[PDB]
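Asks: Here it is, the structure in full.
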Amino acid sequence: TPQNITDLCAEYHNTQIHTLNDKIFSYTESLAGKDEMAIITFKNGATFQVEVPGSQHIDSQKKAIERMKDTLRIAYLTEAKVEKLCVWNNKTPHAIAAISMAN
Amino acid sequence: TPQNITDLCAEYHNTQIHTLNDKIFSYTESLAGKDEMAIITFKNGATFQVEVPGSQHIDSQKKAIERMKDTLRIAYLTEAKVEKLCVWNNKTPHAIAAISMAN
Amino acid sequence: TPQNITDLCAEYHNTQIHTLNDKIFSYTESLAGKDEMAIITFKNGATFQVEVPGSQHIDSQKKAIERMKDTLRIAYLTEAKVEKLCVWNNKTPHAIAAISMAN
Amino acid sequence: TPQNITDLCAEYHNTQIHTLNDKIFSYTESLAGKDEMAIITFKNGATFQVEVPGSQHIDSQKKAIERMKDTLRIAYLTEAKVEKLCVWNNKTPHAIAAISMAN
Amino acid sequence: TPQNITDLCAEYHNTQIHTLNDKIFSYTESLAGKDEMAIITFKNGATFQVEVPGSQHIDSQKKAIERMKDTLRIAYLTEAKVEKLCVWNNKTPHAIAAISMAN
């Protein structure tokens, strides 16, 4: 199994790593339908989203996606420092595939 | 995909942004019949609610409503500054469609 | 729609508002069969309980009841000042129907 | 309904109240199959457990059991003072039936 | 029956207890399909993971798995000291079986 975020991020297509080593700057949640979306930004301006559960989301991928939203909401409120983000760049804002937080 | 709440907001009907830049002043929760609701108010007098889960709402929308209540509860408790709120102005208290928090 | 716990409490059957403006003094949780219950008391001796999840009431009513127990546990742990409680008087200890928190 | 934990602990067979008035010293979680367990200890050496949600547990029972493990984890992590524990003294360690926390 | 992470760890196969007595150094969460994994690291470099679901793990095993992920997440966010880890040494990185936390 991959030991970290980088080697984990190289296993998929259309993914790229971003080293933020910074705390989330803003958190946006929308419950307005078809856009069950969470959007975060950092101070430099970089925006990322947690992609809405469309049909390309199994039922094992719905749970992991909800978890990701929880992780971001709490990482935001606790001001936790996010290290790197492995993101799908074929979408805009870049959809988050993985996250690592390090003190 | 909208990069923020202002855009995310203008995407629906009867929606309206509301800048707050204030923490939630009060949080009310009620489990009394068909009105399982949460009400939040700010120091300036503004009172918003999270709609009641029912009829129109399917599945992904029924649990986004649950996440929204969780988000408001932990935001009230942690005294997080809510920047803006996209609210459905056709309801009273104005229902919440989206929220953004910053820093 | 009522815009606060007092008004909201006025729409139901034999409910009563108790103003506390204090934090919860103790929280008791019991998983002992049939009487799955949560009890809270304030330093002033007042005692309240969240009603146990009957099947005869809808499932959204069971999710509300579960949320309420989370809210009380987290309110107790963080020492949130509870403003008012809207409870049903036809029970003993009195069953909570709504709660407001504010500083 | 019982209004305190000592009353309540008395409605059952083979129960026994312990007063700790102390925080949880350690917390042990395990997912190693059929042994889905939580184990808490206090400085005085006492050890308690939350029973595995077996396939003889009623509907609500499994869910109250999940709640009790969430409570112990959060109590441990926040160093919340545990007042008394109502345990069944016929298991090793004593299975927890109810918990009370007071400042 | 067993009362601590050690006894409990010695009742399964391919398990070894790891004494860490330190806080988790980094936390990595991944929602990228079939790689829905949680990987933690400690200061010395030691890496562990929580085994992704599947039909090998009964639904109750899926739940202890989800619970273990939440525990790892708040422990990291709160900087709780993790004492010992009981891990399956037959995989790489070693898969976590039980965790003990002690202040």
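Each chain in the structure tokens gets a letter, A, B, ..., in the order shown, and its residues are numbered from 1; ligands are numbered from 1 in order too.
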Please provide chain B as a short mmCIF file (atom, residue, chain, number, x, y, z; two decimals) with N, CA and C atoms, in the first residue's frame, once it has been superposed on chain E by least squares across all sequentially paired Cα atoms.
Replies:
data_model
loop_
_atom_site.label_atom_id
_atom_site.label_comp_id
_atom_site.auth_asym_id
_atom_site.auth_seq_id
_atom_site.Cartn_x
_atom_site.Cartn_y
_atom_site.Cartn_z
N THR B 1 -12.60 -11.74 29.10
CA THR B 1 -12.38 -10.44 28.41
C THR B 1 -11.03 -9.87 28.85
N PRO B 2 -10.19 -9.46 27.88
CA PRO B 2 -8.89 -8.89 28.21
C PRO B 2 -9.07 -7.52 28.91
N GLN B 3 -8.26 -7.26 29.93
CA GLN B 3 -8.33 -6.00 30.67
C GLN B 3 -7.50 -4.90 30.01
N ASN B 4 -6.81 -5.20 28.91
CA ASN B 4 -6.00 -4.19 28.23
C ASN B 4 -5.67 -4.50 26.78
N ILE B 5 -4.92 -3.61 26.14
CA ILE B 5 -4.55 -3.79 24.74
C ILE B 5 -3.48 -4.85 24.51
N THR B 6 -2.54 -4.99 25.44
CA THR B 6 -1.46 -5.98 25.33
C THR B 6 -2.04 -7.38 25.24
N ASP B 7 -3.08 -7.63 26.06
CA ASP B 7 -3.78 -8.91 26.11
C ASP B 7 -4.71 -8.94 24.90
N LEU B 8 -5.51 -7.90 24.74
CA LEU B 8 -6.43 -7.82 23.61
C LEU B 8 -5.67 -8.14 22.34
N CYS B 9 -4.44 -7.66 22.29
CA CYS B 9 -3.59 -7.85 21.13
C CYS B 9 -3.16 -9.28 20.91
N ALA B 10 -2.58 -9.89 21.93
CA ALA B 10 -2.12 -11.27 21.83
C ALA B 10 -3.24 -12.27 21.48
N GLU B 11 -4.49 -11.81 21.47
CA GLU B 11 -5.65 -12.65 21.14
C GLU B 11 -5.86 -12.91 19.65
N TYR B 12 -5.17 -12.15 18.79
CA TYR B 12 -5.33 -12.32 17.35
C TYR B 12 -4.05 -12.83 16.75
N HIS B 13 -4.09 -13.12 15.46
CA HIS B 13 -2.90 -13.62 14.80
C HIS B 13 -2.16 -12.53 14.03
N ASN B 14 -0.83 -12.62 14.04
CA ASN B 14 0.06 -11.68 13.36
C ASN B 14 0.02 -10.30 13.99
N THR B 15 -0.68 -10.20 15.11
CA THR B 15 -0.80 -8.94 15.81
C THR B 15 0.54 -8.69 16.48
N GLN B 16 0.77 -7.44 16.87
CA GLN B 16 2.02 -7.06 17.48
C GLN B 16 1.78 -5.70 18.13
N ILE B 17 2.22 -5.54 19.37
CA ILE B 17 2.06 -4.29 20.09
C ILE B 17 3.20 -3.37 19.68
N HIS B 18 2.98 -2.07 19.81
CA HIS B 18 3.99 -1.09 19.48
C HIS B 18 3.79 0.07 20.44
N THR B 19 4.74 0.30 21.34
CA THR B 19 4.62 1.41 22.27
C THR B 19 5.01 2.65 21.47
N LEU B 20 4.31 3.76 21.72
CA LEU B 20 4.58 5.00 21.03
C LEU B 20 4.84 6.13 22.01
N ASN B 21 3.90 6.37 22.91
CA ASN B 21 4.02 7.45 23.89
C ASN B 21 4.39 8.74 23.23
N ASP B 22 3.74 8.93 22.09
CA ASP B 22 3.95 10.11 21.28
C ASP B 22 2.65 10.42 20.60
N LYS B 23 2.49 11.66 20.19
CA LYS B 23 1.30 12.08 19.50
C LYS B 23 1.46 11.74 18.03
N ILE B 24 0.35 11.66 17.32
CA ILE B 24 0.40 11.36 15.92
C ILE B 24 1.04 12.58 15.28
N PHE B 25 2.08 12.40 14.48
CA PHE B 25 2.74 13.54 13.86
C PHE B 25 2.04 14.07 12.60
N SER B 26 1.45 13.17 11.84
CA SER B 26 0.79 13.55 10.59
C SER B 26 -0.44 12.68 10.42
N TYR B 27 -1.44 13.16 9.68
CA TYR B 27 -2.67 12.41 9.40
C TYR B 27 -2.99 12.67 7.94
N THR B 28 -3.17 11.59 7.19
CA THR B 28 -3.50 11.64 5.77
C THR B 28 -4.81 10.89 5.55
N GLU B 29 -5.71 11.46 4.75
CA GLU B 29 -6.99 10.84 4.44
C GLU B 29 -7.20 10.88 2.92
N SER B 30 -7.65 9.79 2.34
CA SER B 30 -7.84 9.70 0.90
C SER B 30 -9.17 9.04 0.55
N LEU B 31 -9.94 9.64 -0.36
CA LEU B 31 -11.22 9.04 -0.74
C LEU B 31 -11.18 8.48 -2.15
N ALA B 32 -9.99 8.44 -2.73
CA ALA B 32 -9.80 7.94 -4.09
C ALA B 32 -9.99 6.42 -4.12
N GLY B 33 -10.87 5.97 -5.02
CA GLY B 33 -11.23 4.56 -5.20
C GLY B 33 -10.68 3.34 -4.43
N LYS B 34 -11.60 2.51 -3.91
CA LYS B 34 -11.32 1.26 -3.17
C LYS B 34 -10.19 1.30 -2.14
N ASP B 35 -9.60 2.48 -1.96
CA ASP B 35 -8.51 2.65 -1.03
C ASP B 35 -8.90 3.77 -0.09
N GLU B 36 -10.20 3.87 0.21
CA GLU B 36 -10.71 4.89 1.12
C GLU B 36 -9.95 4.65 2.40
N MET B 37 -8.83 5.35 2.55
CA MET B 37 -7.97 5.17 3.71
C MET B 37 -7.40 6.38 4.43
N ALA B 38 -6.89 6.08 5.62
CA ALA B 38 -6.30 7.04 6.51
C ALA B 38 -4.92 6.50 6.84
N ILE B 39 -3.94 7.40 6.89
CA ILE B 39 -2.59 7.01 7.20
C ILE B 39 -2.10 7.93 8.31
N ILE B 40 -1.50 7.36 9.34
CA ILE B 40 -0.96 8.17 10.41
C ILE B 40 0.49 7.81 10.56
N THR B 41 1.29 8.80 10.94
CA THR B 41 2.70 8.58 11.14
C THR B 41 3.09 9.30 12.43
N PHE B 42 4.19 8.87 13.04
CA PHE B 42 4.70 9.48 14.26
C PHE B 42 6.02 10.17 13.94
N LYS B 43 6.57 10.91 14.89
CA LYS B 43 7.83 11.60 14.64
C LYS B 43 8.95 10.59 14.38
N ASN B 44 8.93 9.45 15.07
CA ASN B 44 9.97 8.44 14.91
C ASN B 44 10.03 7.74 13.54
N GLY B 45 9.12 8.09 12.64
CA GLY B 45 9.12 7.48 11.32
C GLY B 45 8.03 6.45 11.06
N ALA B 46 7.51 5.82 12.12
CA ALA B 46 6.46 4.80 12.01
C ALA B 46 5.22 5.29 11.28
N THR B 47 4.75 4.49 10.31
CA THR B 47 3.58 4.79 9.48
C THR B 47 2.57 3.65 9.62
N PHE B 48 1.36 3.93 10.11
CA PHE B 48 0.37 2.87 10.24
C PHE B 48 -0.85 3.28 9.44
N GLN B 49 -1.69 2.34 9.05
CA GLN B 49 -2.87 2.70 8.29
C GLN B 49 -4.03 1.99 8.92
N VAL B 50 -5.23 2.39 8.53
CA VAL B 50 -6.46 1.73 8.98
C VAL B 50 -6.88 1.04 7.70
N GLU B 51 -7.09 -0.27 7.79
CA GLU B 51 -7.46 -1.07 6.63
C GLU B 51 -8.65 -0.50 5.84
N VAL B 52 -8.79 -0.96 4.60
CA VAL B 52 -9.87 -0.53 3.71
C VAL B 52 -11.14 -1.34 4.00
N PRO B 53 -12.30 -0.65 4.14
CA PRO B 53 -13.53 -1.42 4.40
C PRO B 53 -13.95 -2.25 3.16
N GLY B 54 -14.00 -3.57 3.32
CA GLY B 54 -14.38 -4.46 2.23
C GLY B 54 -14.59 -5.91 2.65
N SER B 55 -14.66 -6.79 1.64
CA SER B 55 -14.85 -8.26 1.72
C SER B 55 -15.04 -9.06 3.06
N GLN B 56 -13.97 -9.22 3.83
CA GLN B 56 -13.99 -9.96 5.10
C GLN B 56 -14.91 -9.31 6.15
N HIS B 57 -14.82 -7.98 6.21
CA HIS B 57 -15.56 -7.17 7.15
C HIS B 57 -17.04 -7.29 6.91
N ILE B 58 -17.76 -7.55 7.99
CA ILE B 58 -19.21 -7.67 7.92
C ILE B 58 -19.86 -6.30 8.17
N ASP B 59 -20.64 -6.20 9.24
CA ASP B 59 -21.31 -4.96 9.61
C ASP B 59 -20.66 -4.34 10.86
N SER B 60 -20.68 -5.05 11.99
CA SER B 60 -20.07 -4.54 13.23
C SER B 60 -18.59 -4.22 13.02
N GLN B 61 -17.98 -4.85 12.02
CA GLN B 61 -16.58 -4.60 11.71
C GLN B 61 -16.42 -3.43 10.75
N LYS B 62 -17.41 -3.21 9.87
CA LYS B 62 -17.35 -2.09 8.92
C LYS B 62 -17.52 -0.76 9.63
N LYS B 63 -18.30 -0.72 10.71
CA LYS B 63 -18.47 0.53 11.43
C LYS B 63 -17.48 0.73 12.57
N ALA B 64 -16.72 -0.30 12.91
CA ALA B 64 -15.70 -0.17 13.95
C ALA B 64 -14.53 0.52 13.25
N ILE B 65 -14.35 0.18 11.97
CA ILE B 65 -13.33 0.77 11.11
C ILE B 65 -13.61 2.28 10.98
N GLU B 66 -14.88 2.65 10.85
CA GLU B 66 -15.28 4.05 10.76
C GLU B 66 -14.98 4.78 12.07
N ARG B 67 -15.29 4.15 13.19
CA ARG B 67 -15.01 4.73 14.49
C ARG B 67 -13.51 4.90 14.67
N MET B 68 -12.73 3.93 14.21
CA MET B 68 -11.28 3.98 14.34
C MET B 68 -10.73 5.21 13.59
N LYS B 69 -11.23 5.49 12.39
CA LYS B 69 -10.79 6.67 11.65
C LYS B 69 -11.17 7.97 12.38
N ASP B 70 -12.33 7.96 13.02
CA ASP B 70 -12.80 9.11 13.76
C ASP B 70 -11.91 9.34 14.95
N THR B 71 -11.55 8.24 15.60
CA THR B 71 -10.71 8.27 16.78
C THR B 71 -9.31 8.82 16.47
N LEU B 72 -8.75 8.39 15.35
CA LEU B 72 -7.43 8.87 14.92
C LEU B 72 -7.49 10.33 14.48
N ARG B 73 -8.53 10.71 13.74
CA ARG B 73 -8.64 12.09 13.34
C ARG B 73 -8.70 13.01 14.57
N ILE B 74 -9.66 12.79 15.47
CA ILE B 74 -9.77 13.63 16.66
C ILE B 74 -8.56 13.51 17.60
N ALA B 75 -7.84 12.39 17.56
CA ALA B 75 -6.64 12.21 18.38
C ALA B 75 -5.52 13.05 17.78
N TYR B 76 -5.41 13.06 16.45
CA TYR B 76 -4.38 13.87 15.81
C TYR B 76 -4.67 15.34 16.11
N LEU B 77 -5.90 15.76 15.90
CA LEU B 77 -6.25 17.16 16.12
C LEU B 77 -6.11 17.65 17.53
N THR B 78 -6.47 16.82 18.49
CA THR B 78 -6.41 17.18 19.88
C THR B 78 -5.03 16.93 20.49
N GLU B 79 -4.11 16.41 19.67
CA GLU B 79 -2.75 16.09 20.11
C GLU B 79 -2.75 15.16 21.33
N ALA B 80 -3.49 14.07 21.24
CA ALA B 80 -3.58 13.12 22.35
C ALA B 80 -2.40 12.19 22.26
N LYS B 81 -1.84 11.85 23.40
CA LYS B 81 -0.71 10.94 23.42
C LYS B 81 -1.18 9.47 23.23
N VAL B 82 -0.82 8.83 22.10
CA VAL B 82 -1.19 7.43 21.91
C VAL B 82 -0.11 6.62 22.59
N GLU B 83 -0.52 5.80 23.53
CA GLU B 83 0.40 4.98 24.27
C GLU B 83 0.93 3.81 23.47
N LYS B 84 0.06 2.92 23.03
CA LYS B 84 0.45 1.73 22.25
C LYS B 84 -0.53 1.48 21.11
N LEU B 85 -0.13 0.64 20.16
CA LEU B 85 -0.99 0.30 19.04
C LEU B 85 -0.83 -1.19 18.79
N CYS B 86 -1.93 -1.88 18.60
CA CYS B 86 -1.87 -3.29 18.31
C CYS B 86 -2.04 -3.26 16.81
N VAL B 87 -1.03 -3.67 16.07
CA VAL B 87 -1.12 -3.62 14.62
C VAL B 87 -0.94 -4.97 13.95
N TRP B 88 -1.63 -5.17 12.85
CA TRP B 88 -1.52 -6.41 12.10
C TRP B 88 -0.22 -6.27 11.30
N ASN B 89 0.88 -6.84 11.79
CA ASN B 89 2.19 -6.73 11.13
C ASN B 89 2.31 -7.36 9.72
N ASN B 90 1.26 -8.04 9.28
CA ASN B 90 1.24 -8.68 7.96
C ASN B 90 0.91 -7.70 6.81
N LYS B 91 0.60 -6.44 7.16
CA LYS B 91 0.26 -5.39 6.19
C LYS B 91 1.35 -4.31 6.17
N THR B 92 1.37 -3.48 5.12
CA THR B 92 2.33 -2.35 4.99
C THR B 92 1.75 -1.16 4.19
N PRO B 93 1.52 -0.01 4.85
CA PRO B 93 1.77 0.23 6.28
C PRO B 93 0.99 -0.76 7.19
N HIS B 94 1.59 -1.12 8.33
CA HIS B 94 0.97 -2.05 9.30
C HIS B 94 -0.47 -1.61 9.64
N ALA B 95 -1.46 -2.46 9.38
CA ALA B 95 -2.84 -2.10 9.69
C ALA B 95 -3.09 -2.05 11.21
N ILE B 96 -4.05 -1.23 11.62
CA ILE B 96 -4.36 -1.05 13.03
C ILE B 96 -5.55 -1.90 13.45
N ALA B 97 -5.35 -2.66 14.51
CA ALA B 97 -6.40 -3.50 15.07
C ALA B 97 -6.92 -2.88 16.36
N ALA B 98 -6.06 -2.18 17.09
CA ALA B 98 -6.46 -1.54 18.31
C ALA B 98 -5.48 -0.44 18.68
N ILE B 99 -5.95 0.50 19.51
CA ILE B 99 -5.18 1.65 20.00
C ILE B 99 -5.49 1.93 21.50
N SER B 100 -4.52 2.44 22.26
CA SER B 100 -4.75 2.83 23.65
C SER B 100 -4.18 4.24 23.86
N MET B 101 -4.86 5.07 24.64
CA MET B 101 -4.41 6.42 24.89
C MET B 101 -4.37 6.61 26.37
N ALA B 102 -3.43 7.40 26.86
CA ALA B 102 -3.32 7.59 28.30
C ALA B 102 -3.00 8.97 28.92
N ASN B 103 -4.01 9.40 29.69
CA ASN B 103 -4.15 10.61 30.52
C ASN B 103 -4.72 11.93 29.97
#
Asks: Based on the backbone DSSP call, show me all residues of chain A assigned helix (DSSP H, G or I), as a list in words.
Replies: residues 5, 6, 7, 8, 9, 60, 61, 62, 63, 64, 65, 66, 67, 68, 69, 70, 71, 72, 73, 74, 75, 76 and 77 of chain A
Asks: Selected residues, C-alpha atoms, written as a PDB file, in the first residue's frame, please.
Replies:
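out.pdb was written with the following content:
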ATOM      1  CA  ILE A   5       0.095  11.286   0.165  1.00  0.00           C
ATOM      2  CA  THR A   6       2.524  11.822  -2.747  1.00  0.00           C
ATOM      3  CA  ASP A   7       2.938   8.168  -3.754  1.00  0.00           C
ATOM      4  CA  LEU A   8      -0.764   7.807  -3.164  1.00  0.00           C
ATOM      5  CA  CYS A   9      -1.484  10.718  -5.530  1.00  0.00           C
ATOM      6  CA  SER A  60     -18.418   3.233  -0.666  1.00  0.00           C
ATOM      7  CA  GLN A  61     -17.452   6.574  -2.177  1.00  0.00           C
ATOM      8  CA  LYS A  62     -20.419   8.407  -0.634  1.00  0.00           C
ATOM      9  CA  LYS A  63     -19.163   7.608   2.926  1.00  0.00           C
ATOM     10  CA  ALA A  64     -15.566   8.690   2.202  1.00  0.00           C
ATOM     11  CA  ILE A  65     -16.824  11.908   0.623  1.00  0.00           C
ATOM     12  CA  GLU A  66     -19.001  12.769   3.665  1.00  0.00           C
ATOM     13  CA  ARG A  67     -16.006  12.011   5.871  1.00  0.00           C
ATOM     14  CA  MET A  68     -13.862  14.346   3.816  1.00  0.00           C
ATOM     15  CA  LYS A  69     -16.365  17.164   4.425  1.00  0.00           C
ATOM     16  CA  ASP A  70     -16.261  16.515   8.160  1.00  0.00           C
ATOM     17  CA  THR A  71     -12.474  16.491   8.098  1.00  0.00           C
ATOM     18  CA  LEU A  72     -12.440  19.833   6.313  1.00  0.00           C
ATOM     19  CA  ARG A  73     -15.077  21.422   8.493  1.00  0.00           C
ATOM     20  CA  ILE A  74     -13.281  20.400  11.669  1.00  0.00           C
ATOM     21  CA  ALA A  75      -9.780  21.138  10.248  1.00  0.00           C
ATOM     22  CA  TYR A  76     -11.135  24.585   9.466  1.00  0.00           C
ATOM     23  CA  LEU A  77     -12.691  25.350  12.845  1.00  0.00           C
TER      24      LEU A  77
END
Asks: DSSP on the backbone: what in region 2-96 of chain C comes out strand (DSSP E or B), as JSON, numbers by chain?
Replies: {"C": [15, 16, 17, 18, 19, 20, 21, 22, 23, 24, 25, 26, 27, 28, 29, 30, 37, 38, 39, 40, 41, 42, 47, 48, 49, 50, 81, 82, 83, 84, 85, 86, 87, 88, 94, 95, 96]}
